[PDB]
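Undergrad: an experimental structure, sequence included, is below.
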Amino acid sequence: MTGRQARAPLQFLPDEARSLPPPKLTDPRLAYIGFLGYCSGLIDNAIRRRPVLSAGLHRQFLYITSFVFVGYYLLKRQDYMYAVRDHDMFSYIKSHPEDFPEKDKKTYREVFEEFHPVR
Amino acid sequence: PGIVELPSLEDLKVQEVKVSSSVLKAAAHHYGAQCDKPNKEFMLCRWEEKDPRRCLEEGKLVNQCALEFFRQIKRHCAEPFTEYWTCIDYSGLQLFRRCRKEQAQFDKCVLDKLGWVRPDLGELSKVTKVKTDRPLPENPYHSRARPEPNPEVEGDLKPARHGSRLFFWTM
Amino acid sequence: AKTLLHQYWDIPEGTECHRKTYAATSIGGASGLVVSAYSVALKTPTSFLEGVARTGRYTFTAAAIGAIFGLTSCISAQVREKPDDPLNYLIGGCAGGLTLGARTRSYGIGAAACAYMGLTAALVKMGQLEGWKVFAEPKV
Amino acid sequence: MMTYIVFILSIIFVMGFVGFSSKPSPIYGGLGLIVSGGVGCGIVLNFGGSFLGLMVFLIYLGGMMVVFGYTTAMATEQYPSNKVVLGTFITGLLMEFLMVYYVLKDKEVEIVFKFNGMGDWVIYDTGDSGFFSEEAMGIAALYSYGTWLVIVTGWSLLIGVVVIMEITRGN
Amino acid sequence: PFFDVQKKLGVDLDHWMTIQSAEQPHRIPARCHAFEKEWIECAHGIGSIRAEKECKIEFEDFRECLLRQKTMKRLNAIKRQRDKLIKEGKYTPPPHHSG
Amino acid sequence: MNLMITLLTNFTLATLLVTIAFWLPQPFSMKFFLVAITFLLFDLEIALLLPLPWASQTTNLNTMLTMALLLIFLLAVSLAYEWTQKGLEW
Amino acid sequence: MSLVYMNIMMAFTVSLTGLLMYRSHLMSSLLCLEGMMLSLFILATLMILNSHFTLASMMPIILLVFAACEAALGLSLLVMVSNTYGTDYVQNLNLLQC
Amino acid sequence: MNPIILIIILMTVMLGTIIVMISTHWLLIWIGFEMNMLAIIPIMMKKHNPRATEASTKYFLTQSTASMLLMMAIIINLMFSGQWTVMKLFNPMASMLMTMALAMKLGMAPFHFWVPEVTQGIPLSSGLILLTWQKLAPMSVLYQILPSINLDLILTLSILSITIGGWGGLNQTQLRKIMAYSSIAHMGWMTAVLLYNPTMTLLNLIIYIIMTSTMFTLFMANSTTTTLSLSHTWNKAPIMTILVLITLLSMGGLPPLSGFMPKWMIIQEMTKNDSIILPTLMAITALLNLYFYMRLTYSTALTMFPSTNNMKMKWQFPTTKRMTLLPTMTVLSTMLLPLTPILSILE
């Protein structure tokens, strides 16, 4: 799928993106990103021979902060992209009733399907 | 497809001003003064319709105006107008600073005997109004209509419908 | 090229025969010239007679495989009188692989070529029979 | 000495490209590219061509083939024609003779095109009021409108200078 | 990807080298000015697919302004016909300078 | 073709002079290369400069002054760079 | 179709085949690259002149100056190869096998 | 080399690639490609061995003829309907010449003969920067000019590049040639889905660039040319071994790991069309180019080759290489599996 109003330049978060619900505090995806940041600081201790779980606690706090921040912005952009996809889908549904006909519900009193037994 | 609509040979007979080039170049400024008032009709016709085979009556009009002007300068002073343009003729491309004293002589002739102040610089410029009799044309670029407009997508956006709607990672 | 592969597949198969074998020999000559052109570009034969010999060998073998494929195609289509199966071209691909092994004069290569060329030829006719487009929709 | 002089100078042009695409010694190659550049200058001046074709002449026939012949003189020796070189020259002359013969005695020659085969006095201007030789005022832009283009061009040449000195032992 | 800082900063630094009919430094046209103006106005608010299937007539008019292919084909046919009938000899030609 | 007539007459008369003069009596250094490429790059920058006297009659004069000074200034920076950084030394 | 364009495109194919097949010296290859450059220059210049494409008539000279400094870089690379070797053949480059 | 000069050359590589990204004029795209070449030439020959000199010669010749054939395609575009807008082209012949020009620009099957030769005789930093920016620079252009390309061009080059980077690749222990054949196979993948949904192509470009940065950073952490040197890296340090394991398996693309995500989405938005036999052929060849990854892993971290002493000497010195950014790129490149709906972060 393509832009869809790249006219209207790049615009990392549009001004229409302040109508969607934001990602809340302690949402599990950014909790996973914080766990990944903790593991990143831990392997950062592990590359050089500095000891694990200690003597790098400011780096742990730094990597947690930075990754949770970046993941928060990307979660907001992700929610906006799914919202604009759903609204464009429903707009093209409502725009042309001629090509998407309503399937009248043939209930199972009259729908015929064969049997083909497994013995 | 479509054929052109050429004018006839009956409109293609104006008394052509079969004069030479240096005399026509030296006789330019006072021709801009006395005549060249009703040929901006022709200029506005040419720039409101990009179509000669249509503005040719005004071409016949500027042709007869220039011939009338050269008749009027032919009958009266100067006959040393001939001396002035043959003084300016053989000087390569005709610089007007070449034969300046005889330019003053021709100006003094035409001023003291006929009138016709020379247009000072820069008065052969300075964008000029013109009224006509014909009404101004519409859409001379003969084209069709602008075929389809894009329906402009507006309206305040809903949130996502049941998440990504991919395989999984719902919400 | 599209024109001669279209000439090959335009024949009802079916029997409109020996035009099938002529088109298959044209396919073989073209493919042999392709692969021989890459080989003579990437070998420097020295002498040039060796280069002409290698290109002639490649074109001759690919044209022979195409000819034998078309011959047993036509014969199996006339005999079985059932133009819809891929089993006839399975026989075709195995015959082409066997004669590839004959013209390279080793037999294990001929056996593996029988198996793989038979499977690919059955798949080609089978995909033409159901209808699987060349390379694309390219729509969505 | 006649109408198809643009076509004939194009024949000598493609002959020159064949004449150094046959791979001679590179000073003969520089000679062939100088002759080809001179007749290409002739072609573009036949289209007129007032500035750009005299402008290429200082760069390629003024600054580039000089250094190509310089580097031919200082780097390679080639101290002593051959079958392959002159045979490719023969086949190139044969291909040009065949193409121009089929242009001459037929309608059109198609590689995959439709080249309407006759000499080009068409198309050309219908004697407009040029007055400034439109190439001249076109290239007399680039300093009002040309903000970005000349900046990145000069910047690329500066980076070319530092690249050349680095590869030839910067600093 | 293609980005849009060109539109975002408000400096249209590269849109003037782009087409004809943008304002030349002296206000002169090209050879096919009006054909461009009507073609651009035909295919402006358009999603470049009904541009392919709807503005075809004016696009072909613009292309034959730009190259003049079939007009030269007609003129060349006239030249070849003129050559073969002067080879025939009927009406030793008064289409040049006189009757 | 008028200057082509002049070129033809000069070329033919020169060939007449030469052929009637002839039928009648009977390693390298990098320093060689740096100056030529320096010529080439500054000559291309001359090619960028030289439409300046074409351009000096427009309605944008301060900008023309600024970018013309920018072109000669860049050329001077290149000159002074290869000047200071032992580009032309012996 | 302005018939000369056919000859200049055929001249482009001449210079392109001369760029691709080349026997001994890299200098002939680089000079045929320059010939290809001249071909594009002339072809585009005749097009822009007959179009009266007068606004953006920068293409001939700017295409020229850019691909000229490309040829300058090629000259420096050929000088470096000829400096670290005896000659500048296509041969004596068969080291670093693919 | 001066560090100021290297910062300048990096600035000009970034300038050329950003000019390729940002411009709308054809001359500016050609200038960006040429300036990218001119700047990337002295990153190679960073030492003065003749290997890098011959590699730079081959690279310059192929890159310059690709640039000039691109200019040929543009001047054909203005021989037809002529304007300098990066849009739909106006000739199948011009689009053919242009896509073959870009196929020479970035690693394709008829044109891949310079890639292992240019990567073998150069150091690791030059190979990293050439793979990253010389596989990033044409993708923007192809993303632009996709709506006027005959599909058989792109699809033929993609299929043949995937199978050549597969089959060529079972024979080299030169690690630069291994990574180059991997680059050919992945560029075939990243070009294949250009005419269906280019979001997949650009996401695959991001994932491939991050993976190759991880791999070359692991090789720059301890200078190796062969697999036996990697067995010595097994002896001297254990964490590099499990990194080689995870990054080689993510080049292999297995569904627990993040290298599988670019394959799977390609197969999805390819098979929503009527293309099924082409996905199963491409993914069989994706099974093929895992084998040299797997024998490399067998050589590095799982079996163990006999070692040489003076590794006893190298025990007394702890590691002191600087990594540019290894661990962030590693866990961004390998644990990215549950972030598949960061697909739509791109368009």
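TA: Cool, the structure landed. Numbering: from 1, shown residues only, chains lettered A, B, ... in the order given.

Undergrad: so what's residue F:63 up against?
TA: For residue F:63, the contact set (C-beta atoms under 8 Å, 6 or more residues apart in numbering or on different chains) comprises D:143-144. In short, each C-beta sits where N, CA and C put it, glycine included.

Undergrad: work out for me the element it sits within.
TA: Per DSSP states H and E, residue F:63 falls inside helix F:61-84.

Undergrad: which SS state does the closest residue to chain B within chain C fall under?
TA: Here chain C gets closest to chain B at one residue, residue C:140, 16.0 Å apart by C-beta to the nearest C-beta. Of the three states, residue C:140 takes coil under DSSP: H, G, I helix; E, B strand; the rest coil.

Undergrad: surely it is in contact with residue H:193?
TA: No: using C-beta atoms under 8 Å as the test, residue C:140 is too far from residue H:193 to be in contact (11.8 Å).

Undergrad: looking at the two, which has the bigger crowd around it?
TA: Each of residue C:140 and residue H:193 has its neighbours counted (other C-beta atoms under 10 Å in any protein chain shown); residue H:193 has more, 24 against 9.

Undergrad: quick one, what contacts that one?
TA: H:200-201, H:204, H:266, H:269-270.

Undergrad: okay if I get those residues as CSV plus distance to residue E:13 and neighbour count?
TA: CSV is the format used below for these (distance: C-beta to C-beta, whole Å; neighbours: other C-beta atoms under 10 Å in any protein chain shown):
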residue, distance to residue E:13, neighbour count
H:200, 32, 23
H:201, 29, 24
H:204, 32, 23
H:266, 37, 24
H:269, 36, 16
H:270, 39, 21
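
Undergrad: give me the subset of the residues you listed that lies in helices.
TA: Using DSSP state H, the members of those that fall in helices are H:200-201, H:204, H:266, H:269-270.

Undergrad: quick revisit: quick one: which of the contacts of residue H:193 is nearest chain C?
TA: Among these, and counting by C-beta to the nearest C-beta, the member closest to chain C is residue H:269, at 8.0 Å.

Undergrad: report the closest residue of chain C relative to chain H.
TA: For chain C, C-beta to the nearest C-beta, closest residue to chain H: residue C:137, 3.8 Å.

Undergrad: my read is that that residue contacts residue H:273, right?
TA: Yes: using C-beta under 8 Å, residue C:137 is in contact with residue H:273, at 3.8 Å.

Undergrad: between those two, which is the more surrounded one?
TA: Using other C-beta under 10 Å as the criterion, residue C:137 and residue H:273 rank with residue H:273 on top: 17 against 14.

Undergrad: secondary structure class for that one?
TA: Assigned by three-state DSSP, the conformation of residue H:273 is coil.

Undergrad: and it, how close does it get to residue C:132?
TA: 12 Å (C-beta to C-beta, to the nearest Å).

Undergrad: mutual contacts of the two, please.
TA: By C-beta under 8 Å, 6+ apart, no residue touches both residue H:273 and residue C:132.

Undergrad: for chain A, which residues are neighbours of chain E?
TA: A:6-11 (C-beta under 8 Å from any C-beta of the partner chain).

Undergrad: apply 6 Å and report the result again.
TA: A:6, A:9-10 (C-beta under 6 Å from any C-beta of the partner chain).

Undergrad: ok, now chain H?
TA: H:24-25, H:81, H:83-85, H:144, H:202.

Undergrad: just say helix, strand or coil for whichever residue of the stretch 201-347 of chain H sits closest to chain B.
TA: Residue nearest to chain B within the stretch 201-347 of chain H (C-beta to the nearest C-beta): residue H:341, separated by 4.2 Å. Look at residue H:341: counting by three-state DSSP, its state is helix.

Undergrad: wait, doesn't it sit right on residue B:170?
TA: No: Residue H:341 sits out of contact with residue B:170 when judged by C-beta atoms under 6 Å, with a separation of 9.5 Å.

Undergrad: centre of the chain to the helix holding residue F:63, how far?
TA: 18 Å (C-alpha atoms, centre = their mean, to the nearest Å).

Undergrad: now that helix: buried residues?
TA: F:64, F:67, F:71, F:74-75, F:78-79, F:82 (16 or more other C-beta atoms under 10 Å in any protein chain shown).

Undergrad: what does stretch D:146-160 give?
TA: Neighbour-count burial for stretch D:146-160 flags D:146-150, D:152-154, D:156-160 (criterion: 16+ other C-beta under 10 Å).

Undergrad: what's the answer for stretch F:40-52, then?
TA: In stretch F:40-52, counting by 16+ other C-beta under 10 Å, buried: F:40-45, F:47-48, F:51.

Undergrad: those: which ones sit near chain E?
TA: Okay, of these, nothing touches chain E (C-beta under 6 Å from any C-beta).

Undergrad: now those in CSV, with distance to residue E:52 and secondary structure?
TA: Below are these laid out as CSV (distance: C-beta to C-beta, whole Å; DSSP: H, G, I helix; E, B strand; the rest coil):
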residue, distance to residue E:52, secondary structure
F:40, 47, helix
F:41, 46, helix
F:42, 49, helix
F:43, 47, helix
F:44, 42, helix
F:45, 45, helix
F:47, 42, helix
F:48, 41, helix
F:51, 40, coil
